[PDB]
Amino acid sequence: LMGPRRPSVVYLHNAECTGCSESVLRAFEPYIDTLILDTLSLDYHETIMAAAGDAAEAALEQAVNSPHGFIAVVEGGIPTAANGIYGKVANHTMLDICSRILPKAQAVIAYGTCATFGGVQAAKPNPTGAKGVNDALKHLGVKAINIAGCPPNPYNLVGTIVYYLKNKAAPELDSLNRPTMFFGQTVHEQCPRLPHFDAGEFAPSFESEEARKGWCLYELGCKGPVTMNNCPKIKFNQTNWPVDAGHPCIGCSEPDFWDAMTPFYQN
């Protein structure tokens, strides 16, 4: 699957919705074909790989044991309740799979709020005991770079990988282990509606003339002021982001946001 010239990436899927995998397919300049043919060697990825079953398992083993080394990208939270039973691949628990593979990686990137912080299946009452990668695997010394969001901006994944390949090290990380080059500002301080916020000009409802005129969404629940992400700067799909579509930020790059930021339409 790999040896030579392109760096090997092993992409794992735990308890996930595949929205983070889909976000990578939206990669733009570079696009995902350049990424898979030129930049990287994508040596395991259940969504798009040709092999299945035993053949897929063999591809994974050969990638993880390569003397050339591999980078792991991990999507989804790790279910830990009932000894990891709620999530299995090839009849192995995801906790076991990640326990055995991730300490062998040269570097681990937790991609998406589920992998970074536990995510949607970790929201109360967390029936499957879902945990983010670094929480789950603390005891094994795993320290994944956390690229948060639900899903994250794929600009932030490619940027982190490129940095890593260039500099042979993680970029500066915040106290949640997120790169400060992407997560160093609140989405609010970057928001075009900030002048309205400053003037106390809030939309009182989505049907209101104030919402039509683009007034601030804080009274309608916007979590921009407490959320770190680069959404207003980079935007998504080269064209838009939640509050330019008229909807409040729901805080999706923050830990525990399903419980901390709810009800989503209140502040």
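Position 1 is the first residue in the sequence shown; the rest follow in order.
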- request: On mean C-alpha B-factor from the PDB entry, just flag whether 144-152 or 164-172 is the higher one.
  value: 164-172
statement: Comparing mean C-alpha B factor in the record for 6-14 and 245-253, the higher one is 6-14
- line: Highest CA B factor of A63, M49, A211, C231, as deposited, is found at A63
field: Residue selected from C191, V74, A107, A130 by maximal Cα B factor
entry: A107
query: For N240, does the deposited CA B-factor place it in the lowest, middle or highest third of the chain?
result: lowest
task: Sort the modelled residues of this chain by their C-alpha B factor and say whether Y218 lands in the lowest, middle or highest third.
output: lowest
- line: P67: CA B-factor among chain residues, third -> highest
task: Consider only the C-alpha atoms of the modelled residues in this chain, order them by B-factor as the entry records it, and name the third containing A82: lowest, middle or highest.
output: highest
- prompt: Which third, lowest, middle or highest, does the CA B-factor of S41 fall in along this chain?
  reply: highest
